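In the block that follows, a single chain appears as structure tokens, in the form solved without this ligand.
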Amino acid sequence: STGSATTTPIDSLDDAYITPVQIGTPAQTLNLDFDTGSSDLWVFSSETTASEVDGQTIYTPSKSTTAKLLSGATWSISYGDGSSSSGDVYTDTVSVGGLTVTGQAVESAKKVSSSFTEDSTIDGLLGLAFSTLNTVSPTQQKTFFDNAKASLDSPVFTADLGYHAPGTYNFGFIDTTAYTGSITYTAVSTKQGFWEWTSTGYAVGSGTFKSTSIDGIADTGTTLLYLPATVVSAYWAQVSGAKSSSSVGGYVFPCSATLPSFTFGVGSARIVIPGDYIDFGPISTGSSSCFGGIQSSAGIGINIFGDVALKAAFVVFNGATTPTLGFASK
């Protein structure tokens, strides 16, 4: 089997991407944020505290003839920005782009933090990291990909995120028309439960490539590219007037600037992020200070190849017995 679904930016900055997901019988379609940096499929629901729902579409398990309470199971998750959600668990039929999993754990939110409530475009998350990170207790549950894997034509999914435009998540096949050149594959560490890999270096604009190992994760749920402070300083030094602002929370730059590209290495291959992908617009409405799309990871504890990086590539998440990642230009 295979599946193929379009993923759409939630706003004009590509803050995040939503993909329609069919849950239950008859189908209830929710727009979920496919997250390769987490392993829970959770949704706004008829159980979510009413004051914490503001425009999201909800899953109502009582209206699904295939929903079953997973007795005794609860979940609770906290993310990198400090947001969080928690609740109980149903199993139900879940389909993405024509690919159907029966008995998928659908984690129903009883509580969500304010950043979730305040975003009306995200109806929940669909985790695509390794199932070892799933938070369901006392019986950990498998991700949608883990459940689908054995049925797929090939045990892979691909992320093809658009710049200010829709893109595609495919399951079970590699669309050879969706990229240019060849796909370069690179080793993955599954020890921490993420798609963790090592970039071979970087370049700023037309500058020389610096060969240096940068360990990080391929995170479709993260908006920005978070890299070591040395790398980030080298990038922003090429933008006149750019500076790190403690009050704003990162590097800002004059909105009048033209940004240089940023290249990252994948083995001997190179992925080029155009400068425009690094512009996240005014820090507040009407400001002439703009927020940068490359930021320091120093306060995180790991480097994160988020959407800024991934949208410059066609990315293969190869879930074979020994997982690997593939990157191609496009």
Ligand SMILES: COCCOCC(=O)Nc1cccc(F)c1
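All residue numbers are counted from 1 along the displayed sequence.
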query = Comparing 104 to 112 with 122 to 130, where is the mean C-alpha B-factor higher?
reply = 104 to 112
query = In the PDB record, does 145 to 153 or 166 to 174 carry the higher mean Cα temperature factor?
reply = 145 to 153
remark   = Top Cα B-factor in this entry, restricted to 222, 247, 230, 186, sits on 247
ask   = Highest Cα B-factor in the PDB entry belongs to which of 158, 199, 238, 76?
value = 76
remark   = Of the three thirds of the chain ranked by Cα temperature factor, residue 304 occupies the lowest
ask   = What third of the chain, by the recorded C-alpha B-factor, contains residue 209?
value = highest
task = Please place residue 33 in the lowest, middle or highest third of its chain by C-alpha B factor as given in the entry.
result = lowest
ask   = How does residue 319 rank on Cα B-factor within its chain, lowest, middle or highest third?
value = highest
inquiry  = What third of the chain does residue 290 rank in for C-alpha temperature factor, lowest, middle or highest?
reply    = lowest
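Unshown form solved in complex with this ligand; subsequent notes refer to it.
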task = Only one of 140, 154, 86, 93 comes within 4.5 Å of this ligand in the deposited complex by heavy atoms, so just point that one out.
result = 140
query = Hey, in the deposited complex, is residue 159 touching this ligand, heavy atoms inside 4.5 Å?
reply = no
ask   = Should residue 206 be classed as touching this ligand in the deposited complex when contacts are defined as heavy atoms within 4.5 Å?
value = no
inquiry  = Is residue 134 part of the interface with this ligand in the deposited complex - any heavy atom within 4.5 Å?
reply    = yes
ask   = Is residue 38 close enough to this ligand in the deposited complex to count, meaning some heavy atom within 4.5 Å?
value = yes
key: Sequence-ordered list of residues in 68 to 97 near this ligand in the deposited complex, where near means a heavy atom within 4.5 Å   = 76, 77, 78, 79
